[PDB]
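Input: a single structure, listed below in C-alpha cells.
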Amino acid sequence: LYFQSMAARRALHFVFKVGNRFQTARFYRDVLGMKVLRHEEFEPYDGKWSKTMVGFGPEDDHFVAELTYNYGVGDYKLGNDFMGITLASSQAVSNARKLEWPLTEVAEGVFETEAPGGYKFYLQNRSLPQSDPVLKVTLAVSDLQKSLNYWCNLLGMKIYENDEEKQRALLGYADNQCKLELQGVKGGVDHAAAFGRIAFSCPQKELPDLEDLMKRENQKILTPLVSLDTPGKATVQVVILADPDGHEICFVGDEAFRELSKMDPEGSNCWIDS
C-alpha cells in the first residue's frame, strides 16, 4: 500500500569487489583521502572473506564504499553496468597528481580516475565544506522510462534532473543524500563478474511491505527477508532486489543497521599496509 510514499529512506553504500588490497589501500587512503570506518573478517564464493567500510565519515551521515575481499580471488572481470562514483574533492585531485595516480580531465573541472579493478571515480576539483564529498553513483540502464518507473514509482526516489535528450536522470531520497544517476546506454547492460550492489535503509517494519509490493508488481526479489550476522555485532535484516537491468539493491532495517555501522575509532590500524 504505502512503501513507495514513506519518508524514512537513506542511501548507505556501494559494494565493490576487491582483488588487489594493497593498491586499493593506496587508492582509497592516499588518493581519495578516505578512512576505514570498520573492518570485519568472516570465516558466488564459498570461503573466508572480509568487508571493509571506507568513507569520509560515519555511516550514519555518509555514503561509503563497502570493500569486499574473497580470499583466493585476485581479479573480477568488470562489465559496463557501473559507470562511476562522483565526489567533490580538490584534495583528491591534488593527491592523484602528487602520487602519479593516472587521471584525466574529462569535463570542465572533472577528473576521471580508476580504482584497482577498473571502477571509475570522477573527482570534481572543488571543496564542499561541511558535507560528504560523495555526490552520486551512476549505473547504466537499457530503458530509462522503465528504470524511472521502478526507482521512482515503486522505490519512491525523487527526480532531481531528467535529461530526455541524453537519457540521463538524477534521483535521490533527500537533498542531502548521495544521488543515484541512471544513464541510458545502447548495447545492453553486462554485469560480468565485478558487479556491485547499492544499499539503502528503511524502518525494519517496512521490509515485508517492500517484498509484497515487488511481488504484486512482478519485479525480481533475489533474497527474501533474511537476518545476517556479523561477529561480535548487531544482526540486521535485509531484502535484496534486482532492478529492471539486474542491478542488485539491498534494503536493510535502519534501527539495527545503525547499531551495526558504528564507526570504529581504531579503524586506520585495519588498512592492509598499516
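Convention: chains lettered A, B, ... in C-alpha cells order; per-chain residue numbering from 1; ligands numbered from 1 as shown.
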Next on the checklist: Set the distance at 6 Å and use only C-alpha atoms: which residues neighbour stretch 260-269 of chain A once local chain neighbours fewer than 4 positions away are removed? I'd like the list as a list in words.
Outcome noted: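 Once the nearby chain positions are removed, what remains is residues 36, 37, 38, 58, 233, 234 and 274 of chain A.
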Sorted by chain and rising residue number, which residues of stretch 26-119 of chain A lie within 12 Å of stretch 248-259 of chain A, and what are their closest atom pairs and distances in Å to one decimal, counting only C-alpha atoms, as a tab-separated table?
residue	atom	partner	partner_atom	distance
A:58	CA	A:258	CA	10.1
A:59	CA	A:258	CA	8.1
A:60	CA	A:258	CA	6.8
A:61	CA	A:258	CA	10.5
A:81	CA	A:248	CA	10.7
A:82	CA	A:248	CA	11.2
Next on the checklist: From the options A:117, A:84, A:69, A:75, which residue's atoms come nearest to residue A:39, counting only C-alpha atoms?
Outcome noted: A:69
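Atom CA of residue A:201 lies 13.4 Å from atom CA of residue A:225.
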Next on the checklist: So that I can see what lies close to stretch 54-56 of chain A, please list as a ChimeraX atom specification the residues with an atom at most 12 Å from it, counting only C-alpha atoms and leaving out residues fewer than 5 positions away in the same chain.
Outcome noted: /A:12-16,24-25,27-29,32-39,61-68,87-89,92,130-135,261,263-264,267-268,270-271
Output for the residues just chosen: N, CA and C atoms as a compact mmCIF listing (two decimals), in the first residue's frame:
# COMPACT_ATOMS: atom_id res chain seq x y z
N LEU A 12 23.06 4.32 1.71
CA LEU A 12 24.15 3.88 2.62
C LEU A 12 25.51 3.70 1.95
N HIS A 13 25.59 2.84 0.93
CA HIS A 13 26.90 2.48 0.40
C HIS A 13 26.80 1.76 -0.89
N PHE A 14 27.94 1.65 -1.57
CA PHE A 14 28.00 0.81 -2.73
C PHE A 14 29.04 -0.28 -2.48
N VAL A 15 28.74 -1.50 -2.90
CA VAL A 15 29.67 -2.61 -2.65
C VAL A 15 30.60 -2.86 -3.84
N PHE A 16 31.91 -2.91 -3.58
CA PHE A 16 32.94 -3.16 -4.58
C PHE A 16 33.70 -4.46 -4.29
N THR A 24 44.43 -1.03 -3.59
CA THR A 24 43.14 -0.49 -3.16
C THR A 24 43.35 0.46 -1.94
N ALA A 25 44.17 0.04 -0.99
CA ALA A 25 44.52 0.88 0.18
C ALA A 25 45.17 2.17 -0.29
N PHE A 27 44.79 3.64 -3.21
CA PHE A 27 43.81 4.48 -3.87
C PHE A 27 42.87 5.18 -2.88
N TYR A 28 42.23 4.40 -2.01
CA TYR A 28 41.21 4.96 -1.13
C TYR A 28 41.77 5.89 -0.05
N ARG A 29 42.91 5.52 0.51
CA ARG A 29 43.54 6.30 1.58
C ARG A 29 44.39 7.41 0.99
N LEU A 32 42.12 9.21 -2.56
CA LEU A 32 40.84 9.79 -2.20
C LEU A 32 40.81 10.49 -0.85
N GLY A 33 41.63 10.05 0.10
CA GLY A 33 41.62 10.64 1.44
C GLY A 33 40.53 10.07 2.31
N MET A 34 40.06 8.87 1.96
CA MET A 34 39.07 8.20 2.79
C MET A 34 39.72 7.49 3.98
N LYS A 35 38.90 7.09 4.94
CA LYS A 35 39.42 6.32 6.09
C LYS A 35 38.60 5.06 6.29
N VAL A 36 39.17 4.10 7.03
CA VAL A 36 38.48 2.87 7.42
C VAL A 36 37.50 3.17 8.53
N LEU A 37 36.23 2.81 8.32
CA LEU A 37 35.20 3.07 9.31
C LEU A 37 35.00 1.81 10.15
N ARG A 38 35.04 0.65 9.50
CA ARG A 38 35.01 -0.63 10.23
C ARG A 38 35.55 -1.72 9.32
N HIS A 39 36.10 -2.76 9.95
CA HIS A 39 36.64 -3.89 9.19
C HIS A 39 36.23 -5.16 9.86
N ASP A 61 25.96 9.37 8.48
CA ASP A 61 25.74 10.57 7.69
C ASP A 61 26.63 10.69 6.46
N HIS A 62 27.15 9.54 6.00
CA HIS A 62 27.96 9.49 4.78
C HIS A 62 27.53 8.33 3.93
N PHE A 63 27.77 8.46 2.62
CA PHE A 63 27.63 7.35 1.67
C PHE A 63 29.04 6.81 1.51
N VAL A 64 29.20 5.51 1.73
CA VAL A 64 30.55 4.91 1.83
C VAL A 64 30.76 3.81 0.81
N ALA A 65 31.99 3.29 0.77
CA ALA A 65 32.31 2.16 -0.11
C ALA A 65 32.44 0.94 0.79
N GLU A 66 31.74 -0.14 0.45
CA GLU A 66 31.94 -1.41 1.12
C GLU A 66 32.93 -2.25 0.29
N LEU A 67 34.13 -2.44 0.80
CA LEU A 67 35.14 -3.19 0.04
C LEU A 67 35.10 -4.66 0.46
N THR A 68 34.86 -5.55 -0.51
CA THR A 68 34.69 -6.99 -0.23
C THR A 68 35.91 -7.70 -0.78
N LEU A 87 32.65 12.38 -6.72
CA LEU A 87 32.87 13.04 -5.42
C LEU A 87 33.54 14.40 -5.61
N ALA A 88 33.30 15.33 -4.69
CA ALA A 88 33.88 16.64 -4.80
C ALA A 88 35.08 16.70 -3.84
N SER A 89 36.29 16.70 -4.41
CA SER A 89 37.49 16.87 -3.63
C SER A 89 38.66 17.33 -4.49
N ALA A 92 41.69 15.33 -3.38
CA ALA A 92 41.88 14.06 -4.06
C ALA A 92 42.56 14.23 -5.42
N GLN A 130 31.60 21.13 5.11
CA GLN A 130 30.53 20.63 5.98
C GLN A 130 29.89 19.35 5.48
N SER A 131 30.00 19.06 4.19
CA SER A 131 29.20 17.96 3.65
C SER A 131 30.03 16.78 3.07
N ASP A 132 29.42 15.61 3.00
CA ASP A 132 30.04 14.40 2.43
C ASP A 132 30.53 14.73 1.00
N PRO A 133 31.83 14.49 0.71
CA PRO A 133 32.28 14.66 -0.67
C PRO A 133 31.54 13.79 -1.70
N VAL A 134 31.03 12.63 -1.29
CA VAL A 134 30.46 11.67 -2.24
C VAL A 134 29.13 12.23 -2.70
N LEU A 135 28.97 12.39 -4.03
CA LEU A 135 27.77 13.04 -4.63
C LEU A 135 26.79 12.13 -5.28
N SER A 261 26.66 -0.37 12.29
CA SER A 261 27.55 0.50 11.50
C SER A 261 28.22 1.62 12.30
N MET A 263 31.07 3.57 13.86
CA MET A 263 32.42 3.76 13.34
C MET A 263 33.46 3.34 14.40
N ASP A 264 34.42 2.52 13.97
CA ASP A 264 35.46 2.03 14.88
C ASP A 264 36.58 3.10 14.99
N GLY A 267 40.06 2.30 13.37
CA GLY A 267 39.92 1.82 12.01
C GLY A 267 41.19 1.83 11.19
N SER A 268 41.98 2.90 11.30
CA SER A 268 43.21 3.05 10.49
C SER A 268 44.24 1.92 10.64
N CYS A 270 43.53 -0.94 10.46
CA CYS A 270 42.96 -2.01 9.64
C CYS A 270 43.29 -1.96 8.13
N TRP A 271 43.96 -0.90 7.64
CA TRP A 271 44.45 -0.95 6.24
C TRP A 271 45.44 -2.07 6.11
I need the strand (DSSP E or B) residues of stretch 90-198 of chain A per DSSP on the backbone, written as an mmCIF file with N, CA and C atoms, in the first residue's frame.
data_model
loop_
_atom_site.group_PDB
_atom_site.id
_atom_site.type_symbol
_atom_site.label_atom_id
_atom_site.label_comp_id
_atom_site.auth_asym_id
_atom_site.auth_seq_id
_atom_site.Cartn_x
_atom_site.Cartn_y
_atom_site.Cartn_z
ATOM 1 N N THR A 104 42.507 12.003 -15.732
ATOM 2 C CA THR A 104 42.225 12.726 -16.961
ATOM 3 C C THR A 104 41.040 13.643 -16.782
ATOM 4 N N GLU A 105 41.215 14.894 -17.203
ATOM 5 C CA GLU A 105 40.092 15.830 -17.144
ATOM 6 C C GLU A 105 39.162 15.484 -18.295
ATOM 7 N N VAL A 106 37.946 15.072 -17.954
ATOM 8 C CA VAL A 106 37.012 14.576 -18.941
ATOM 9 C C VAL A 106 35.832 15.541 -19.152
ATOM 10 N N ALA A 107 35.699 16.526 -18.270
ATOM 11 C CA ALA A 107 34.682 17.555 -18.393
ATOM 12 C C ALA A 107 35.266 18.707 -17.585
ATOM 13 N N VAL A 110 36.399 18.241 -13.925
ATOM 14 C CA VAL A 110 36.087 16.859 -13.502
ATOM 15 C C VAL A 110 37.166 15.903 -14.020
ATOM 16 N N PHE A 111 37.808 15.217 -13.078
ATOM 17 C CA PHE A 111 38.930 14.357 -13.394
ATOM 18 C C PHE A 111 38.570 12.902 -13.155
ATOM 19 N N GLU A 112 38.664 12.121 -14.226
ATOM 20 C CA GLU A 112 38.365 10.696 -14.190
ATOM 21 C C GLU A 112 39.591 9.925 -13.723
ATOM 22 N N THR A 113 39.392 8.972 -12.797
ATOM 23 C CA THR A 113 40.430 8.047 -12.331
ATOM 24 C C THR A 113 39.785 6.665 -12.209
ATOM 25 N N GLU A 114 40.597 5.620 -12.085
ATOM 26 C CA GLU A 114 40.052 4.278 -11.819
ATOM 27 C C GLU A 114 40.598 3.722 -10.528
ATOM 28 N N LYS A 120 35.297 3.292 -12.089
ATOM 29 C CA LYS A 120 35.512 4.726 -12.363
ATOM 30 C C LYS A 120 35.172 5.605 -11.162
ATOM 31 N N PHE A 121 36.063 6.551 -10.858
ATOM 32 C CA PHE A 121 35.771 7.591 -9.880
ATOM 33 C C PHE A 121 35.927 8.935 -10.616
ATOM 34 N N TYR A 122 34.986 9.836 -10.431
ATOM 35 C CA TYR A 122 35.079 11.170 -11.059
ATOM 36 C C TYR A 122 35.276 12.170 -9.961
ATOM 37 N N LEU A 123 36.387 12.871 -10.002
ATOM 38 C CA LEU A 123 36.781 13.760 -8.927
ATOM 39 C C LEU A 123 36.495 15.182 -9.411
ATOM 40 N N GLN A 124 35.527 15.848 -8.773
ATOM 41 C CA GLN A 124 35.264 17.247 -9.107
ATOM 42 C C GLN A 124 36.299 18.051 -8.357
ATOM 43 N N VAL A 134 31.034 12.632 -1.289
ATOM 44 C CA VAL A 134 30.464 11.674 -2.235
ATOM 45 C C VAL A 134 29.128 12.231 -2.703
ATOM 46 N N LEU A 135 28.974 12.394 -4.030
ATOM 47 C CA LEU A 135 27.773 13.040 -4.628
ATOM 48 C C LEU A 135 26.790 12.130 -5.285
ATOM 49 N N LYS A 136 27.277 11.155 -6.052
ATOM 50 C CA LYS A 136 26.392 10.254 -6.787
ATOM 51 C C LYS A 136 27.086 8.987 -7.225
ATOM 52 N N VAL A 137 26.248 7.987 -7.471
ATOM 53 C CA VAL A 137 26.641 6.734 -8.091
ATOM 54 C C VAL A 137 25.896 6.695 -9.415
ATOM 55 N N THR A 138 26.592 6.331 -10.485
ATOM 56 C CA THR A 138 25.983 6.238 -11.808
ATOM 57 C C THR A 138 25.932 4.787 -12.283
ATOM 58 N N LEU A 139 24.750 4.370 -12.718
ATOM 59 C CA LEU A 139 24.503 2.996 -13.241
ATOM 60 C C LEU A 139 23.910 3.082 -14.631
ATOM 61 N N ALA A 140 24.274 2.098 -15.463
ATOM 62 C CA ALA A 140 23.827 2.002 -16.839
ATOM 63 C C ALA A 140 22.449 1.341 -16.847
ATOM 64 N N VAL A 141 21.548 1.850 -17.690
ATOM 65 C CA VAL A 141 20.213 1.264 -17.874
ATOM 66 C C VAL A 141 19.903 1.085 -19.352
ATOM 67 N N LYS A 158 13.008 10.497 -5.672
ATOM 68 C CA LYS A 158 12.517 11.705 -6.342
ATOM 69 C C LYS A 158 13.482 12.048 -7.475
ATOM 70 N N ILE A 159 12.987 12.766 -8.472
ATOM 71 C CA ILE A 159 13.830 13.132 -9.613
ATOM 72 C C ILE A 159 14.397 14.524 -9.427
ATOM 73 N N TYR A 160 15.721 14.620 -9.483
ATOM 74 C CA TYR A 160 16.459 15.886 -9.372
ATOM 75 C C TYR A 160 16.804 16.487 -10.723
ATOM 76 N N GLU A 161 17.173 15.635 -11.681
ATOM 77 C CA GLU A 161 17.426 16.044 -13.068
ATOM 78 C C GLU A 161 16.837 14.977 -13.947
ATOM 79 N N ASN A 162 16.275 15.381 -15.085
ATOM 80 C CA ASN A 162 15.814 14.427 -16.089
ATOM 81 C C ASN A 162 16.082 14.993 -17.475
ATOM 82 N N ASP A 163 17.084 14.432 -18.142
ATOM 83 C CA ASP A 163 17.516 14.936 -19.440
ATOM 84 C C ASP A 163 17.141 13.929 -20.500
ATOM 85 N N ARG A 168 19.437 10.592 -19.305
ATOM 86 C CA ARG A 168 20.127 10.625 -18.033
ATOM 87 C C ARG A 168 19.153 11.197 -17.023
ATOM 88 N N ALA A 169 19.019 10.533 -15.877
ATOM 89 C CA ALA A 169 18.253 11.079 -14.758
ATOM 90 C C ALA A 169 19.037 11.007 -13.438
ATOM 91 N N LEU A 170 18.801 11.982 -12.574
ATOM 92 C CA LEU A 170 19.433 12.017 -11.259
ATOM 93 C C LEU A 170 18.330 11.900 -10.215
ATOM 94 N N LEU A 171 18.450 10.881 -9.359
ATOM 95 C CA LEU A 171 17.438 10.522 -8.370
ATOM 96 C C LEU A 171 17.961 10.543 -6.948
ATOM 97 N N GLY A 172 17.071 10.742 -5.982
ATOM 98 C CA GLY A 172 17.511 10.738 -4.587
ATOM 99 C C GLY A 172 16.342 10.689 -3.622
ATOM 100 N N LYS A 179 23.201 10.755 -4.465
ATOM 101 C CA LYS A 179 22.179 10.590 -5.509
ATOM 102 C C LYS A 179 22.490 9.359 -6.356
ATOM 103 N N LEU A 180 21.478 8.801 -7.019
ATOM 104 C CA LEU A 180 21.664 7.738 -7.989
ATOM 105 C C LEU A 180 21.365 8.305 -9.385
ATOM 106 N N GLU A 181 22.353 8.216 -10.265
ATOM 107 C CA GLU A 181 22.232 8.699 -11.636
ATOM 108 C C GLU A 181 22.035 7.475 -12.539
ATOM 109 N N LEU A 182 20.997 7.522 -13.374
ATOM 110 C CA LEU A 182 20.724 6.448 -14.320
ATOM 111 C C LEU A 182 21.090 6.979 -15.687
ATOM 112 N N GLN A 183 21.913 6.233 -16.414
ATOM 113 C CA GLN A 183 22.390 6.672 -17.721
ATOM 114 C C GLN A 183 22.019 5.593 -18.760
ATOM 115 N N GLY A 184 21.162 5.955 -19.706
ATOM 116 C CA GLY A 184 20.734 5.032 -20.786
ATOM 117 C C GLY A 184 21.949 4.719 -21.631
ATOM 118 N N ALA A 192 28.882 -8.933 -15.875
ATOM 119 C CA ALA A 192 30.123 -9.726 -15.817
ATOM 120 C C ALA A 192 30.345 -10.287 -14.396
ATOM 121 N N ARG A 197 26.522 -3.670 -5.637
ATOM 122 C CA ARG A 197 25.216 -3.658 -5.019
ATOM 123 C C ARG A 197 25.090 -2.301 -4.334
ATOM 124 N N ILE A 198 23.933 -1.667 -4.438
ATOM 125 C CA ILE A 198 23.765 -0.379 -3.789
ATOM 126 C C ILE A 198 22.845 -0.636 -2.609
#
